Each structure stands twice: as C-alpha cells, then as structure tokens.
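The primary structure of each chain is shown beneath.
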Protein chains: 2
Amino acid sequence: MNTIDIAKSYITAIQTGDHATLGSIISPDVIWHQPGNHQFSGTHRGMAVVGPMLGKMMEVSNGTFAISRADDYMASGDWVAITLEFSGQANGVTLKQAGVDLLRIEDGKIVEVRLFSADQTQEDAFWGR
Amino acid sequence: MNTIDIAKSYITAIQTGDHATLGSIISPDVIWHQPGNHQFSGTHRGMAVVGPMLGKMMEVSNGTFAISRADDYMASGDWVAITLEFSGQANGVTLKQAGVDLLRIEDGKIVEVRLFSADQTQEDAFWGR
Ligand SMILES: [Cl-]
Ligand SMILES: [Cl-]
Ligand SMILES: [Cl-]
Ligand SMILES: [Cl-]
C-alpha cells in the first residue's frame, strides 16, 4: 500500500461523504493550508480544528462543495499531487474550476494538506466572510 | 509583481530556452526535488548542481524535453502549482504526459522546486540510467 492508494482513499471518501474514513486516515496532528482570503483561509493544525472546519464548510456550501472530478494522482517523495475539478453552489456563487490538492503522507496517514485553486477570487466569494 | 508572475516567467523561459532568465530567477541555493528512479532522480541543492543537471538533461533528451503546454498557475502561501503537459523523444521513449511543477518563491526567486509526473514509469525510462 502506497501513498497514491492513500490519496485515492482520501478523495473517494470526500466524494462519497465517508467521514469515518476521513477521520481515520487524516493525521490527528494534520497541518492544513487553505489558500485565499475567506473565512476558512489560513493554516489550521489538528483534527480538533480541521474536523469542525470541514463541517462548517459543508454547512456554508449547503453540502454542495465537491471534488467533481479527479484527474491524476502523482507522487513525489512523501507528497502526492491530485489534479482535480471542484464545484459547488453557495452564497450566490456557482463554483466550477480546476484545483490541485497536495497531500503529504507518512505512516499511512495524511499529515499535511495544501490546497490550490485556479480561480481564488471565485472560491473566496463562494466561502465568504 | 507576485509569485504567479515569477512562475510564468520561469515556465516561459523553460519553453523558450532562455537560460539567462533561468540562471537569474532560480535561487543559487535552490532545492530541487526530482521524482522517480532514473539518473536525475533525487533532491539536488544549489545551482552549482542544478544548472549542470539541466544541461545534462537537455543532452540526454536531444533537446526535446519540453513543457508542451502550461494549463493553470495556482498560488497557495509561497507556493505556486503549475499544471502542465510535458513531452519529449529520447532513449527510444516518446514522452507525453500530464505533470505538475510546484515552486516555492521567496524574495523574487524560486527557492524550491518539486516536480510531479503522471506516468513516472515512462519518465524514468525516458531519462534512463
Ligand atoms: Cl472523479
Ligand atoms: Cl447560491
Ligand atoms: Cl503553453
Ligand atoms: Cl528516441
């Protein structure tokens, strides 16, 4: 079992809303870097913070924020880049754009997450203040 | 002038073979992570090493290794992810595949590079041993 397997499990769990997997395969000490200039932007540390933030995100997006398509999983050292599309409809914003999730995986767990968006102005409006 | 501007300058310079730009906008102390299992794979530090390695790469690929298409430039903290396609024809291998370049940019310079390839088996064969 390799880092791409773990990354695929992570994406499948996001896509299918499997909180059990997400709560288990993400490190309790996860460092999560969310880009941009909206209420969830910044670096967050620990599932104590990240779990509730993911929940608030689901609330703010009326459950519509989604990785609508995953394209490629690529490994480099302990990192995996996943190229993808995400979408959503909330705060009057129709979100549809390319992104990349960067995951750092160690000992079977995602220890660091850095997200990238192709249109950060649109994503910022989506999440809101 | 922002990190995406620097990333675009970097990609344009690779694409047009502008060694002057590359030699100037890449940090002398650049940390360069090349994935896979071929003769250039591993982490390399310093332009004293990276410059000559880029030259050897051009030689090994008969000057054909190319970023054939750049798709999106995305910023997250001091990192920029560039989704792209690369191609080449060398060592009996026709290379054509998606990739992502991750650049860390500080004070106007690229200080760290991490490359990702969609088909590392094919890229490994391309570069060879
Ligand atoms: Cl998908
Ligand atoms: Cl809406
Ligand atoms: Cl292009
Ligand atoms: Cl050939």
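Residues numbered from 1 in each chain as written, not as in the entry; some residues may be left out. Chains lettered and ligands numbered in written order. Heavy atoms only, no water. Residues with missing side-chain atoms left out of burial classes, pairs and counts.

What the entry reports as its method is X-ray crystallography, with 1.900 Å given for the resolution.

As recorded by the PDB entry, chain A carries the name Protein of unknown function with cystatin-like fold and is attributed to Xanthomonas campestris pv. campestris. Here the PDB entry title reads "Crystal structure of protein of unknown function with cystatin-like fold (NP_639274.1) from Xanthomonas campestris at 1.90 A resolution".

Chemist: Teacher, can you tell me more about the pairing of strand β6 (residues 109-117) of chain B here?
Modeler: All names here are of chain B. Buried residues dominate β6, accounting for eight of its nine residues. Bridge analysis of strand β1 (residues 26-34) against β6 gives four bridges, and the strand direction is parallel. Its bridge partner lying in β6, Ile26 is registered against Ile110. With eight bridges joining them, strand β5 (residues 93-106) and β6 adopt antiparallel strand pairing. What sits directly across from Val100, in β6, is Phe116. Between β5 and β6, which pair antiparallel and follow one another directly, the connecting turn spans two residues, one of which, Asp107, has a positive phi of 50°. (Buried < 20%, exposed > 50% of the residue type's maximum accessible area, 1.4 Å probe, protein only. Helix = DSSP H or I, 4+ residues; strand = E, 2+ residues; numbered from the N terminus. Pairing = 2+ DSSP bridges.)

Chemist: Hey, could you run me through the relation of the copies chain B and chain A in this one?
Modeler: For the pair of chain copies, the relating operation is a rotation around an axis with a shift along it. For the pair chain B and chain A, the superposition axis carries a translation of 0.0 Å, the fit reaches an RMSD of 0.0 Å, and the rotation angle comes to 180°. Each copy turns onto its partner about a two-fold axis. For chain B, the minimum C-alpha distance to the rotation axis belongs to B:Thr83 and amounts to 3.9 Å. (Least-squares fit on C-alpha atoms.)

Chemist: So what exactly am I meant to see when it comes to the interface of chain B and chain A here?
Modeler: Often, the extent of an interface is quoted as the loss of accessible area upon association of its parts. On the chain A side, the residues contacting the 19 residues of chain B number 19 residues. Summing both sides of the interface, chain B and chain A together bury roughly 1,400 Å²; the carbon and sulfur share of this comes to 69%. Its largest share of buried area at the contact with chain A, chain B owes to B:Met74, B:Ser76 and B:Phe116, together 39% of the area lost on that side. Inspection of the region where chain B meets chain A yields zero salt bridges. On the surface where chain B and chain A come into contact, there are two residue pairs in polar contact. Of all the elements in the fold, those that place two or more residues in the side of chain B that touches chain A are β3 (66-76), β4 (79-90), β5 and β6 of chain B. (Contact = heavy atoms within 4.5 Å. Buried area = accessible area lost by both parts, 1.4 Å probe. Salt bridge = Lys/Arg side-chain N within 4 Å of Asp/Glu carboxyl O. Polar contact = N/O pair within 3.5 Å; in protein donor to acceptor, adjacent residues only side chain to side chain.)

Chemist: Quick question: what am I supposed to make of the sheet that holds strand β3 (residues 66-76) of chain A here?
Modeler: Sheets are built from strands that pair by backbone hydrogen bonding, the pairs being arranged parallel or antiparallel. Residues and elements named next belong to chain A. Read across the open sheet, the six strands follow the order β2-β1-β6-β5-β4-β3; overall the sheet is mixed. Looking at which strands have only one partner, the edges of the open sheet turn out to be β2 (42-45) and β3. The average undirected angle you get between the axes of adjacent strands in this sheet is 20°. Against the sheet, helix α3 (residues 47-60) engages β1 (26-34), β2 and β4 (79-90), with an angle of about 55° to β1. Each of β1, β4, β5 (93-106) and β6 (109-117) touches helix α4 (residues 120-127); the most contacted strand, β5, lies at about 95° to it. (Axes fitted to C-alpha atoms, helices over the stretch in contact; angles between N-to-C directions.)

Chemist: It is not clear to me how the environment of A:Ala81 should be interpreted in this structure. Could you clarify?
Modeler: Among the structural elements, A:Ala81 can be located in strand β4. When neighbours within four sequence positions are excluded, A:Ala81 is seen to be in contact with A:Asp72, A:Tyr73, A:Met74, A:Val100, A:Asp101, A:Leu102 and B:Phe116.

Chemist: Before we go on, may I ask you to explain unusual backbone geometry in this structure?
Modeler: With the exception of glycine, the majority of residues adopt a negative phi angle, and the majority of peptide bonds are in the trans configuration. Residue and element names in this part refer to chain B. The backbone phi angle of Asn91 is positive, close to 50°, even though this residue is not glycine. When you line up the elements, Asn91 lands in the loop between β4 and β5. Phi angles above zero are rare outside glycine, and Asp107 is one such case at about 50°. Within the fold, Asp107 resides in the loop between β5 and β6. Classification of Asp107 by relative accessible area gives exposed; the value is 81%.

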